[PDB]
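Input: a single structure, listed below in structure tokens.
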Amino acid sequence: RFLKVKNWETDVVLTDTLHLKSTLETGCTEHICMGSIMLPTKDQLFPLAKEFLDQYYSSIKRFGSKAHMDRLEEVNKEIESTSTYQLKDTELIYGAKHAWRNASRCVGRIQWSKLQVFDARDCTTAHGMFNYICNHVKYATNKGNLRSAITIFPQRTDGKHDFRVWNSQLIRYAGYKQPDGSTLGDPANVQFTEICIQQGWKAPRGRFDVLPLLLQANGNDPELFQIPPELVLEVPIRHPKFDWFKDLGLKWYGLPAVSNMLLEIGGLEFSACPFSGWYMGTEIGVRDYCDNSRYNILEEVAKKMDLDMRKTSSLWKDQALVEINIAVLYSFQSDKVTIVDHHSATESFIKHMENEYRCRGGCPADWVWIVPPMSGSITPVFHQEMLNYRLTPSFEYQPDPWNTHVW
Amino acid sequence: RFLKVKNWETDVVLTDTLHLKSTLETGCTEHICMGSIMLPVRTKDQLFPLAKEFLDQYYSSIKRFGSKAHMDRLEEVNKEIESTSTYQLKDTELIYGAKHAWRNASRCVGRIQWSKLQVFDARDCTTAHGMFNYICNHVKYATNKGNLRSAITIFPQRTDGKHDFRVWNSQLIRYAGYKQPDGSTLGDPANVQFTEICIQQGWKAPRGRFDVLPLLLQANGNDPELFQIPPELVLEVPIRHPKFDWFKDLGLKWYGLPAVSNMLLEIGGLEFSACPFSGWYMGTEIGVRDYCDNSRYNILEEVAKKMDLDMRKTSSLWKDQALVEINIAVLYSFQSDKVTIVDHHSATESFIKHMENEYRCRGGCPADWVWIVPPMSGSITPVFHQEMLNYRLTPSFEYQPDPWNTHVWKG
Ligand code: HEM
Ligand code: HEM
Ligand SMILES: Cc1cc(N)nc(C[C@@H]2CNC[C@@H]2OCCNCC(F)(F)c2cccc(F)c2)c1
Ligand SMILES: Cc1cc(N)nc(C[C@@H]2CNC[C@@H]2OCCNCC(F)(F)c2cccc(F)c2)c1
Ligand SMILES: C[C@H](O)[C@H](O)[C@H]1CNc2nc(N)[nH]c(=O)c2N1
Ligand SMILES: C[C@H](O)[C@H](O)[C@H]1CNc2nc(N)[nH]c(=O)c2N1
Ligand SMILES: [Zn+2]
């Protein structure tokens, strides 16, 4: 029942008891581990609400109090009569923060309790969604001094009136297939860009075109909105040593903001809940720039560095990778836009894990995602055993709405 | 039933059926994943089924399933177990079994090579001196003056668990470690405990930074005995850098032959507690782990100091810069000395081709992503982007606890 995790660098051993509260399935079984797979009614709703409210009242040291019992009574009456219920503001804030706390793939959770929650449950139209999202963008960006935030649109009802942000992130670049076979812009976004144009977007047809928002309110057909250009903070990428680096013409945006997940709190489902923090540098320098399926820039940089590209064993890919990641960090830091390096972020996560074991009895963590995509074992998380399990409140991936939607 | 894995870079999707042949447990449940946990006497009753499963697999592989030879071998083994409580593998079976234990090793990125394994049958061995001679021969054959050849030496199987053959060393070749009164460590800090055991057993320690440890060998459950591998059989590579002439004066070297000696080989329910095996290094093992782990030789600072990197803030990525240069130096040095080594790009690319082939001909390839992805430059290797399924197939290699914890000292 009680499980131990060992750090092999320090010999520190921690005991996990929190996993006993896990509810949902991992995808693994006693016969098969799926650790590396990316995607592994009134009757159902009351136990979910009760479980949540119990943890909430426990959190504020009022478990088994009259107010605890009265709220449980209130919620039960509301579900029986209306088939759902509404969260109190205090409950919504607690829930959003805990969804982040429970996000096993997130290295940045030392920050979990510092989250600004924007209650957008009074929103009714796609134009309303756009205004809420602009305000989130401006608040979170804060002229480069980034602040974590989430904006929460109305919860699911019958499932035919969902609020959804069609975009995977609030800010991303367009991709276009070229009449010569190559891709201009971000190849990740070709399909979404096409849907945008199909819905009327006038595409600039450049390499770094900020995509418009496609917003769905109340199960309606999604609508197109452009984020005011002056709210989208971008960083030109230069290198502190290589003057030629700026000539690659690279830039990235300052605000990482995931907009396609589903927030579950107390059995209630918030299908539009865009949230934002700040970048860890490797996301941009390793994945966005160097994935073969993305901007794929390793060859160009290595050439400009005049490395021997004839043999893999010269480690030319590795040398150029480090330089790209040095450039990303330098550029953000020079322009006073919040960023964290992978050494700093992983060190903080280990401290967060220790805090969580001490105060909560554990911390669900997914090693496959937590270990950075470069220099893995020179970061402390590589050497740390982690247990992965699912706790609620939670964030869950949801499929692209253009698969599901009927026009 | 069918399980799919996807490659997120190529969109190639593969379908696993081989997982249906798995019966042993992973550590994981529907409620918890233990994929990053390093560590997640048989009765007759349990032995014949295991022997039957194995022999069925072997006879299928030689296309003789259900033959008279297959049926006669089943009867022969059944009678041997009923009568003696165990059985002996034919040489052909032992070879097939050792190759399949490697093919099945989900943490091994080098498995494209699995069918090329030289098997040394040491089941006639009776004493520690006998074990020493067999291990010396293994080292010489596998080293092959730098042109490394994969091999395994298999000592007698477990009988009652009171007469185990064991190599106490975790690898045939490793360097000593010495803890100093001031808390600093000379040599490899991973080996301090074992080094103290060797000294207690009578080893005269040179007390330098790269002293090759002696072998500590246990035959037939007896107390282990110390033996020094002839120095002329231990091939080493001094580490230098192609551009940085100061790299040589760090005084680094490493041994050419990686040889794991602490694992248990299970074939058909039989347990081979002493089965040292060897291949060749992937460079990152040495350049990333052995040299740069904080708990090992821990050379990053000294290298970065000599490179004159900005060390006041981690965001200069000085650790990452020094890491790459160290790994270039390891590959360069081995290559210049004509000692077989593989870089992480080549090894992972070959692994993906191996895995795809296995899906096509075998219906699967169990793989442990946490171990298969290299400890540097993870996402610029193709394995990072490849979904994997981890499950346990037999024959297999299993970790066993260090024998000094469990040994009954005879005196
Ligand atoms: C404040 C700074 C933050 C940092 C440095 C950070 C860092 C990261 C990183 C590096 C990842 C892996 C992302 C990837 O590889 O795509 C991640 C994932 C994730 N983060 Fe955090 N994060 C931060 C804030 C937040 C916030 C505010 C939330 C929610 C309120 C959050 C929830 C999540 C979730 C749910 C995932 C998994 C996403 C997915 O499945 O695609 N993070 N984070
Ligand atoms: C021929 C070249 C080979 C290469 C490049 C190679 C590469 C590797 C690497 C990089 C690892 C992870 C090592 C670590 O992090 O400690 C590994 C693990 C492993 N290898 Fe291979 N290997 C080779 C040959 C072999 C052979 C000949 C066998 C057995 C016959 C074998 C069986 C295993 C096993 C059982 C593990 C898991 C070890 C453990 O749990 O400690 N390998 N290999
Ligand atoms: C298939 C699938 C499943 C899943 N759960 N998730 C995905 C998104 C992928 C994961 N890996 C790359 C891409 O995710 C891109 C988004 N990255 C995270 C971030 F940049 F948006 C971010 C960083 C810090 C804070 C913050 F709020 C947001 C795909
Ligand atoms: C706790 C625990 C469990 C486990 N299964 N295993 C360990 C050995 C660890 C794994 N990671 C570092 C160390 O293993 C060190 C040995 N590495 C493998 C090698 F170098 F010997 C080798 C390389 C290529 C071919 C070959 F035949 C041998 C510890
Ligand atoms: C197949 C494998 O699970 C996949 O490539 C994962 C690996 N680890 C990751 N880790 C993070 N942080 N983000 C990712 O997108 C991925 N991708
Ligand atoms: C805790 C974690 O599982 C551990 O540090 C693992 C990670 N991946 C590894 N991968 C390899 N090849 N070898 C190792 O020793 C490890 N160590
Ligand atoms: Zn698992």
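Naming scheme: A, B, ... for chains in displayed order of the structure tokens; residues 1 onward per chain; ligands 1 onward as shown.
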message: Neighbouring residues of residue 145 in chain A were defined as those with any atom within 7 Å, considering only C-alpha atoms; residues of the same chain fewer than 4 positions away were excluded. Please report them as an NGL selection string.
response: :A and (141 or 337-338)
Would you mind exporting N, CA, C and O atoms of the selected residues as a CSV table (one decimal), in the first residue's frame?
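This went into out02.csv:
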chain,number,residue,atom,x,y,z
A,141,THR,N,0.9,38.7,-19.4
A,141,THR,CA,2.2,39.2,-20.1
A,141,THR,C,2.8,40.2,-19.2
A,141,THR,O,4.0,40.2,-19.0
A,337,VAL,N,11.9,39.4,-20.5
A,337,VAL,CA,10.8,38.6,-20.6
A,337,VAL,C,11.1,37.3,-19.7
A,337,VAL,O,12.1,36.7,-20.0
A,338,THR,N,10.2,37.0,-18.8
A,338,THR,CA,10.4,35.9,-17.9
A,338,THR,C,10.7,34.6,-18.6
A,338,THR,O,10.0,34.2,-19.6
field: Distance query range 238-246 of chain B at most 8 Å, only C-alpha atoms, self and fewer than 3 positions along chain excluded, as a list in words
entry: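 Non-adjacent residues within range: residues 249, 250, 251, 252, 253, 254, 306, 325, 326, 328, 329, 330, 332 and 333 of chain B.
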task: Please check which protein, DNA or RNA residues sit within 7 Å of ligand 4, counting only C-alpha atoms and all ligand atoms, and write them as a PyMOL selection string.
output: chain B and resi 38-39+171+258-260+277-282+285+398-399
Grab the residues selected above and save them as a compact mmCIF listing (two decimals), in the first residue's frame with N, CA, C and O atoms.
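Final output, saved to part-v4.txt:
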# COMPACT_ATOMS: atom_id res chain seq x y z
N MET B 38 13.56 2.10 -10.40
CA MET B 38 14.66 1.28 -10.92
C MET B 38 14.46 -0.21 -10.59
O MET B 38 14.70 -1.05 -11.43
N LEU B 39 13.95 -0.49 -9.39
CA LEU B 39 13.65 -1.85 -8.96
C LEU B 39 12.18 -1.96 -8.58
O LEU B 39 11.83 -1.88 -7.40
N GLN B 171 30.51 -5.24 -12.62
CA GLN B 171 31.06 -5.36 -13.99
C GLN B 171 32.42 -6.02 -13.85
O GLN B 171 33.11 -5.84 -12.82
N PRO B 258 32.84 -3.00 -21.61
CA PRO B 258 31.73 -2.95 -20.66
C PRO B 258 31.18 -4.38 -20.51
O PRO B 258 30.71 -4.98 -21.49
N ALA B 259 31.26 -4.92 -19.30
CA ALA B 259 30.89 -6.32 -19.07
C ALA B 259 30.06 -6.45 -17.78
O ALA B 259 30.61 -6.41 -16.67
N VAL B 260 28.74 -6.60 -17.92
CA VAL B 260 27.85 -6.69 -16.74
C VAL B 260 27.96 -8.09 -16.13
O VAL B 260 27.74 -9.07 -16.82
N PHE B 277 28.24 -10.86 -19.15
CA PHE B 277 28.12 -10.63 -20.57
C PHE B 277 28.73 -9.27 -20.94
O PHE B 277 28.90 -8.42 -20.10
N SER B 278 29.11 -9.11 -22.20
CA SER B 278 29.81 -7.89 -22.61
C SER B 278 29.44 -7.56 -24.04
O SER B 278 29.12 -8.45 -24.82
N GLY B 279 29.46 -6.26 -24.37
CA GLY B 279 29.26 -5.83 -25.77
C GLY B 279 30.31 -4.74 -26.07
O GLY B 279 31.51 -5.01 -26.01
N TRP B 280 29.86 -3.53 -26.38
CA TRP B 280 30.75 -2.37 -26.50
C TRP B 280 29.99 -1.16 -26.03
O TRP B 280 28.76 -1.21 -25.92
N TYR B 281 30.72 -0.08 -25.70
CA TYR B 281 30.09 1.10 -25.14
C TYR B 281 29.33 1.96 -26.14
O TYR B 281 29.73 2.09 -27.32
N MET B 282 28.23 2.55 -25.66
CA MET B 282 27.70 3.76 -26.27
C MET B 282 28.38 4.90 -25.53
O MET B 282 28.49 4.87 -24.29
N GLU B 285 27.50 6.61 -22.05
CA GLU B 285 27.62 5.90 -20.78
C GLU B 285 28.83 6.46 -20.00
O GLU B 285 28.76 6.74 -18.80
N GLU B 398 17.65 -10.53 -15.12
CA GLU B 398 17.05 -9.82 -13.98
C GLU B 398 18.15 -9.32 -13.04
O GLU B 398 19.17 -9.97 -12.84
N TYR B 399 17.91 -8.15 -12.47
CA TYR B 399 18.83 -7.64 -11.44
C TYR B 399 18.76 -8.58 -10.22
O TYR B 399 17.72 -9.14 -9.91
- request: Write down, as a PyMOL selection string, each residue of chain B that has any atom within 7 Å of an atom of chain A, counting only C-alpha atoms.
  value: chain B and resi 9+22-37+293+295+314-317+320-321+324+328+331+343+345+369-370+375-380+387-391
Would you save the residues from that selection as a compact mmCIF listing (two decimals), in the first residue's frame, using N, CA and C atoms?
# COMPACT_ATOMS: atom_id res chain seq x y z
N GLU B 9 7.12 11.86 -34.56
CA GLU B 9 7.90 12.58 -35.55
C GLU B 9 7.53 12.11 -36.98
N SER B 22 3.41 -12.29 -22.65
CA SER B 22 3.94 -11.84 -21.38
C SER B 22 3.06 -12.35 -20.23
N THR B 23 3.68 -12.82 -19.15
CA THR B 23 2.92 -13.28 -17.97
C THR B 23 3.41 -12.67 -16.65
N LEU B 24 4.70 -12.34 -16.59
CA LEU B 24 5.30 -11.76 -15.40
C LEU B 24 4.84 -10.31 -15.23
N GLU B 25 4.91 -9.80 -13.99
CA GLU B 25 4.37 -8.48 -13.65
C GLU B 25 5.37 -7.34 -13.81
N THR B 26 4.86 -6.14 -14.11
CA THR B 26 5.70 -4.95 -14.36
C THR B 26 6.02 -4.07 -13.14
N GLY B 27 5.16 -4.12 -12.13
CA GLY B 27 5.19 -3.15 -11.03
C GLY B 27 4.04 -2.15 -11.13
N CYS B 28 3.55 -1.91 -12.35
CA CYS B 28 2.44 -0.98 -12.58
C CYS B 28 1.07 -1.62 -12.35
N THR B 29 0.08 -0.78 -12.10
CA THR B 29 -1.33 -1.20 -12.00
C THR B 29 -2.18 -0.18 -12.76
N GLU B 30 -3.47 -0.44 -12.88
CA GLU B 30 -4.37 0.54 -13.50
C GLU B 30 -4.38 1.85 -12.71
N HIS B 31 -3.91 1.83 -11.47
CA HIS B 31 -3.95 3.02 -10.61
C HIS B 31 -2.62 3.76 -10.42
N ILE B 32 -1.51 3.10 -10.76
CA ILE B 32 -0.20 3.69 -10.58
C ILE B 32 0.80 3.17 -11.62
N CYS B 33 1.60 4.07 -12.16
CA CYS B 33 2.68 3.69 -13.06
C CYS B 33 4.01 3.80 -12.35
N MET B 34 4.76 2.71 -12.39
CA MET B 34 6.08 2.64 -11.78
C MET B 34 7.19 2.64 -12.83
N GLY B 35 6.91 3.21 -14.01
CA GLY B 35 7.90 3.22 -15.09
C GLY B 35 9.25 3.87 -14.82
N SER B 36 9.35 4.69 -13.77
CA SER B 36 10.65 5.33 -13.45
C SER B 36 11.28 4.76 -12.18
N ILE B 37 10.71 3.68 -11.67
CA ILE B 37 11.28 3.00 -10.47
C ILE B 37 12.35 2.01 -10.96
N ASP B 293 27.99 12.49 -13.84
CA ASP B 293 27.09 12.37 -12.68
C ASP B 293 27.79 13.01 -11.49
N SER B 295 27.51 12.13 -8.54
CA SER B 295 27.92 11.07 -7.64
C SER B 295 28.98 10.14 -8.21
N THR B 314 23.52 29.38 -14.23
CA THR B 314 23.21 28.17 -14.98
C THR B 314 22.70 28.48 -16.39
N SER B 315 22.06 29.64 -16.58
CA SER B 315 21.47 29.97 -17.87
C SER B 315 22.49 30.25 -18.99
N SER B 316 23.77 30.34 -18.66
CA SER B 316 24.80 30.40 -19.70
C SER B 316 24.96 29.01 -20.37
N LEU B 317 24.28 28.02 -19.80
CA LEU B 317 24.35 26.60 -20.20
C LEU B 317 25.78 26.05 -20.22
N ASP B 320 25.99 22.26 -19.99
CA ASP B 320 25.62 21.64 -21.26
C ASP B 320 26.75 21.76 -22.29
N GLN B 321 27.40 22.93 -22.35
CA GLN B 321 28.54 23.10 -23.26
C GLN B 321 29.71 22.18 -22.96
N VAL B 324 28.98 18.40 -23.87
CA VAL B 324 29.15 18.01 -25.27
C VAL B 324 30.63 17.80 -25.60
N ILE B 328 32.44 14.44 -27.07
CA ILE B 328 33.26 14.46 -28.30
C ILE B 328 34.62 13.81 -28.01
N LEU B 331 34.37 9.84 -27.71
CA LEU B 331 34.24 9.22 -29.05
C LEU B 331 35.54 9.33 -29.86
N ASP B 343 28.23 6.10 -31.06
CA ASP B 343 27.64 7.34 -30.57
C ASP B 343 26.14 7.18 -30.40
N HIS B 345 23.62 8.95 -31.47
CA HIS B 345 22.80 9.13 -32.67
C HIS B 345 22.71 7.84 -33.47
N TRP B 369 11.33 3.11 -22.30
CA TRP B 369 11.68 4.45 -22.82
C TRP B 369 12.64 5.20 -21.86
N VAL B 370 12.35 5.14 -20.56
CA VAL B 370 13.19 5.80 -19.52
C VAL B 370 14.69 5.43 -19.65
N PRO B 375 21.06 9.92 -22.04
CA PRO B 375 21.05 10.88 -20.93
C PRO B 375 21.51 12.31 -21.32
N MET B 376 21.76 12.53 -22.61
CA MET B 376 21.97 13.88 -23.14
C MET B 376 21.28 13.97 -24.48
N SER B 377 20.90 15.19 -24.86
CA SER B 377 20.35 15.43 -26.21
C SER B 377 19.16 14.53 -26.54
N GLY B 378 18.33 14.25 -25.54
CA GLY B 378 17.25 13.29 -25.69
C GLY B 378 16.41 13.46 -26.96
N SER B 379 15.81 14.64 -27.15
CA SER B 379 14.83 14.80 -28.27
C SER B 379 15.46 14.96 -29.66
N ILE B 380 16.77 15.10 -29.74
CA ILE B 380 17.40 15.07 -31.07
C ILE B 380 17.82 13.64 -31.49
N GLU B 387 6.82 6.06 -29.16
CA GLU B 387 6.08 5.40 -28.10
C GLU B 387 6.56 3.95 -27.99
N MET B 388 6.63 3.45 -26.76
CA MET B 388 7.14 2.10 -26.53
C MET B 388 6.20 1.37 -25.59
N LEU B 389 6.21 0.04 -25.66
CA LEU B 389 5.47 -0.77 -24.73
C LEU B 389 6.47 -1.57 -23.94
N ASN B 390 6.39 -1.45 -22.61
CA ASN B 390 7.25 -2.21 -21.71
C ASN B 390 6.51 -3.40 -21.11
N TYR B 391 7.06 -4.59 -21.32
CA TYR B 391 6.53 -5.81 -20.73
C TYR B 391 7.66 -6.83 -20.63
Can you write out as CSV which residues of chain A fall within 6 Å of ligand 3, alongside each residue's closest atom pair and its distance in Å to one decimal, counting only C-alpha atoms and all ligand atoms and ordering rows by chain and ascending residue number?
residue,atom,partner,partner_atom_place_in_ligand_line,distance
A:38,CA,ligand 3,3 (C),5.5
A:256,CA,ligand 3,21 (F),4.4
A:257,CA,ligand 3,27 (F),4.6
A:258,CA,ligand 3,21 (F),4.6
A:275,CA,ligand 3,27 (F),5.4
A:276,CA,ligand 3,27 (F),3.5
A:277,CA,ligand 3,25 (C),4.2
A:278,CA,ligand 3,24 (C),5.1
A:279,CA,ligand 3,24 (C),4.9
A:397,CA,ligand 3,5 (N),4.9
Selected residues, C-alpha atoms, written as a tab-separated table (two decimals), in the first residue's frame, please.
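File selection35.tsv, as written:
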chain	number	residue	atom	x	y	z
A	38	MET	CA	1.13	10.20	-25.11
A	256	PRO	CA	3.01	30.09	-23.37
A	257	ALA	CA	-0.73	29.55	-22.92
A	258	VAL	CA	-2.39	26.13	-23.24
A	275	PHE	CA	-4.02	28.91	-18.72
A	276	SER	CA	-0.52	30.41	-18.99
A	277	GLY	CA	2.75	30.55	-17.09
A	278	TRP	CA	6.20	31.21	-18.55
A	279	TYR	CA	8.54	29.20	-20.72
A	397	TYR	CA	-6.22	16.51	-22.98
Shell of 8 Å around ligand 2 (only C-alpha atoms and all ligand atoms), written as an MDAnalysis selection string: chainID B and resid 98:99 101:102 105:111 113:114 117 149:152 260 263 277:282 284:285 341:342 347 371:372 374 396:399
Keeping only N, CA, C and O atoms, take the residues you just selected and write them out as a short mmCIF file (atom, residue, chain, number, x, y, z; two decimals), in the first residue's frame.
data_model
loop_
_atom_site.label_atom_id
_atom_site.label_comp_id
_atom_site.auth_asym_id
_atom_site.auth_seq_id
_atom_site.Cartn_x
_atom_site.Cartn_y
_atom_site.Cartn_z
N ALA B 98 20.21 -17.71 -24.10
CA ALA B 98 21.00 -16.50 -23.85
C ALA B 98 20.75 -15.40 -24.91
O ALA B 98 20.60 -14.24 -24.56
N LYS B 99 20.67 -15.79 -26.20
CA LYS B 99 20.37 -14.82 -27.24
C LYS B 99 18.99 -14.20 -27.04
O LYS B 99 18.82 -12.98 -27.21
N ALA B 101 17.28 -13.98 -24.13
CA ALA B 101 17.31 -13.08 -22.96
C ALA B 101 17.79 -11.66 -23.33
O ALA B 101 17.23 -10.64 -22.86
N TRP B 102 18.81 -11.60 -24.18
CA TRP B 102 19.25 -10.30 -24.73
C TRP B 102 18.18 -9.66 -25.62
O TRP B 102 17.84 -8.50 -25.44
N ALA B 105 15.56 -7.98 -23.56
CA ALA B 105 15.98 -7.04 -22.50
C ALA B 105 15.47 -5.64 -22.86
O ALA B 105 16.05 -4.97 -23.71
N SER B 106 14.37 -5.22 -22.24
CA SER B 106 13.68 -4.01 -22.71
C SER B 106 14.49 -2.71 -22.50
O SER B 106 14.23 -1.69 -23.14
N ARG B 107 15.47 -2.74 -21.58
CA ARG B 107 16.29 -1.58 -21.34
C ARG B 107 17.53 -1.44 -22.27
O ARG B 107 18.29 -0.46 -22.14
N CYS B 108 17.68 -2.37 -23.22
CA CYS B 108 18.89 -2.42 -24.05
C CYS B 108 18.71 -1.81 -25.43
O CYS B 108 17.96 -2.33 -26.29
N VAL B 109 19.40 -0.70 -25.65
CA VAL B 109 19.33 0.00 -26.94
C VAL B 109 20.15 -0.70 -28.03
O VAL B 109 19.99 -0.41 -29.23
N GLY B 110 20.99 -1.67 -27.63
CA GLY B 110 21.95 -2.29 -28.56
C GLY B 110 21.45 -3.57 -29.24
O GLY B 110 22.21 -4.27 -29.88
N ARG B 111 20.16 -3.86 -29.10
CA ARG B 111 19.61 -5.18 -29.44
C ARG B 111 19.58 -5.53 -30.93
O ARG B 111 19.33 -6.66 -31.26
N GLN B 113 21.95 -6.14 -32.44
CA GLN B 113 23.06 -7.08 -32.46
C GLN B 113 22.74 -8.47 -31.86
O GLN B 113 23.61 -9.33 -31.83
N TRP B 114 21.50 -8.67 -31.38
CA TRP B 114 21.20 -9.77 -30.43
C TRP B 114 21.55 -11.18 -30.94
O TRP B 114 21.90 -12.07 -30.16
N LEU B 117 26.05 -13.21 -30.79
CA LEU B 117 26.49 -13.31 -29.41
C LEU B 117 27.28 -14.59 -29.31
O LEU B 117 26.79 -15.66 -29.68
N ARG B 149 33.80 -7.88 -29.52
CA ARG B 149 32.90 -8.96 -29.94
C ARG B 149 32.01 -9.26 -28.76
O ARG B 149 32.51 -9.43 -27.62
N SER B 150 30.69 -9.30 -28.97
CA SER B 150 29.76 -9.56 -27.87
C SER B 150 29.90 -11.00 -27.39
O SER B 150 30.04 -11.92 -28.20
N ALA B 151 29.83 -11.20 -26.08
CA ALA B 151 29.94 -12.55 -25.55
C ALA B 151 29.31 -12.69 -24.18
O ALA B 151 29.09 -11.71 -23.46
N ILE B 152 29.03 -13.94 -23.79
CA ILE B 152 28.49 -14.21 -22.46
C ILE B 152 29.11 -15.52 -21.98
O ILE B 152 29.31 -16.41 -22.77
N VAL B 260 28.74 -6.60 -17.92
CA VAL B 260 27.85 -6.69 -16.74
C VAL B 260 27.96 -8.09 -16.13
O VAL B 260 27.74 -9.07 -16.82
N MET B 263 23.95 -9.83 -13.10
CA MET B 263 22.57 -10.16 -13.42
C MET B 263 22.27 -11.66 -13.38
O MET B 263 23.19 -12.48 -13.35
N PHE B 277 28.24 -10.86 -19.15
CA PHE B 277 28.12 -10.63 -20.57
C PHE B 277 28.73 -9.27 -20.94
O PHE B 277 28.90 -8.42 -20.10
N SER B 278 29.11 -9.11 -22.20
CA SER B 278 29.81 -7.89 -22.61
C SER B 278 29.44 -7.56 -24.04
O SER B 278 29.12 -8.45 -24.82
N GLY B 279 29.46 -6.26 -24.37
CA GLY B 279 29.26 -5.83 -25.77
C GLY B 279 30.31 -4.74 -26.07
O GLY B 279 31.51 -5.01 -26.01
N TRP B 280 29.86 -3.53 -26.38
CA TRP B 280 30.75 -2.37 -26.50
C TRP B 280 29.99 -1.16 -26.03
O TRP B 280 28.76 -1.21 -25.92
N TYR B 281 30.72 -0.08 -25.70
CA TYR B 281 30.09 1.10 -25.14
C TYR B 281 29.33 1.96 -26.14
O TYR B 281 29.73 2.09 -27.32
N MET B 282 28.23 2.55 -25.66
CA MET B 282 27.70 3.76 -26.27
C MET B 282 28.38 4.90 -25.53
O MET B 282 28.49 4.87 -24.29
N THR B 284 27.92 7.96 -24.49
CA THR B 284 27.28 8.67 -23.39
C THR B 284 27.38 7.93 -22.06
O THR B 284 27.37 8.57 -21.01
N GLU B 285 27.50 6.61 -22.05
CA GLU B 285 27.62 5.90 -20.78
C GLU B 285 28.83 6.46 -20.00
O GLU B 285 28.76 6.74 -18.80
N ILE B 341 33.24 1.66 -30.38
CA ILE B 341 32.31 2.48 -29.60
C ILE B 341 31.23 2.94 -30.57
O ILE B 341 31.47 2.99 -31.80
N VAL B 342 30.05 3.25 -30.04
CA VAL B 342 28.96 3.79 -30.85
C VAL B 342 28.47 5.10 -30.22
O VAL B 342 28.34 5.21 -28.97
N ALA B 347 23.39 4.76 -32.46
CA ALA B 347 22.81 3.65 -31.68
C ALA B 347 21.29 3.69 -31.65
O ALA B 347 20.64 2.63 -31.78
N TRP B 371 14.99 4.19 -20.02
CA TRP B 371 16.39 3.78 -20.19
C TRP B 371 16.94 3.91 -21.61
O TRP B 371 18.15 4.13 -21.80
N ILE B 372 16.06 3.75 -22.60
CA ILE B 372 16.46 3.75 -24.02
C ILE B 372 16.84 5.16 -24.50
O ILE B 372 17.79 5.32 -25.26
N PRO B 374 18.81 8.36 -24.49
CA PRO B 374 20.13 8.72 -23.95
C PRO B 374 20.07 9.86 -22.93
O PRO B 374 19.17 10.70 -22.98
N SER B 396 15.08 -14.24 -19.75
CA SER B 396 15.32 -12.86 -19.32
C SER B 396 16.55 -12.68 -18.44
O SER B 396 16.99 -13.65 -17.78
N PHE B 397 17.11 -11.46 -18.44
CA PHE B 397 18.07 -11.03 -17.44
C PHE B 397 17.36 -10.22 -16.38
O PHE B 397 16.58 -9.30 -16.70
N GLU B 398 17.65 -10.53 -15.12
CA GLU B 398 17.05 -9.82 -13.98
C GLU B 398 18.15 -9.32 -13.04
O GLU B 398 19.17 -9.97 -12.84
N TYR B 399 17.91 -8.15 -12.47
CA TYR B 399 18.83 -7.64 -11.44
C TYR B 399 18.76 -8.58 -10.22
O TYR B 399 17.72 -9.14 -9.91
#
message: 8 Å from ligand 1 is the threshold here; counting only C-alpha atoms and all ligand atoms, which polymer residues fall inside it? Answer as JSON, numbers by chain.
response: {"A": [96, 97, 99, 100, 103, 104, 105, 106, 107, 108, 109, 111, 112, 115, 147, 148, 149, 150, 258, 261, 275, 276, 277, 278, 279, 280, 282, 283, 339, 340, 345, 369, 370, 372, 394, 395, 396, 397]}
field: Residue nearest ligand 5 - candidates B:384, B:210, B:409, B:165, atoms counted: only C-alpha atoms and all ligand atoms
entry: B:384
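Counting only C-alpha atoms, residue 155 in chain B has the following residues at most 6 Å away, ignoring those fewer than 3 positions along the same chain: residues 122, 123 and 274 of chain B.
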task: Identify, with DSSP run on backbone atoms, the residues in range 156-282 of chain A assigned to strand (DSSP E or B), and express the list as a PyMOL selection string.
output: chain A and resi 164-165+169+173+175-177+183-185+210+213-216+223-225+234-236+251-253+257-258+261-265+268-270+275-276+279-280
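The gap separating CA of residue 267 in chain B from CA of residue 46 in chain B is 13.6 Å, in Å to one decimal.
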- prompt: Looking only at the backbone, which of the residues in range 63-225 of chain A does DSSP tag as alpha helix (DSSP H), as a ChimeraX atom specification?
  reply: /A:66-82,89-101,126-141,190-198
- request: Fewer than 5 positions away in the same chain doesn't count, so skip those; otherwise give me all residues within 7 Å of range 195-206 of chain B, counting only C-alpha atoms, as a list in words.
  value: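 Listing them by chain and then by number gives residues 176, 177 and 211 of chain B.
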field: Nearest to residue 401 in chain B, chosen from B:64, B:228, B:299, B:170, with only C-alpha atoms counted in the distances
entry: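 Looking at the shortest contact to residue 401 in chain B, the residue is B:170.
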message: So that I can see what lies close to residue 243 in chain A, please list as JSON, numbers by chain the residues with an atom at most 12 Å from it, counting only C-alpha atoms and leaving out residues fewer than 5 positions away in the same chain.
response: {"A": [237, 238, 248, 304, 305, 327]}
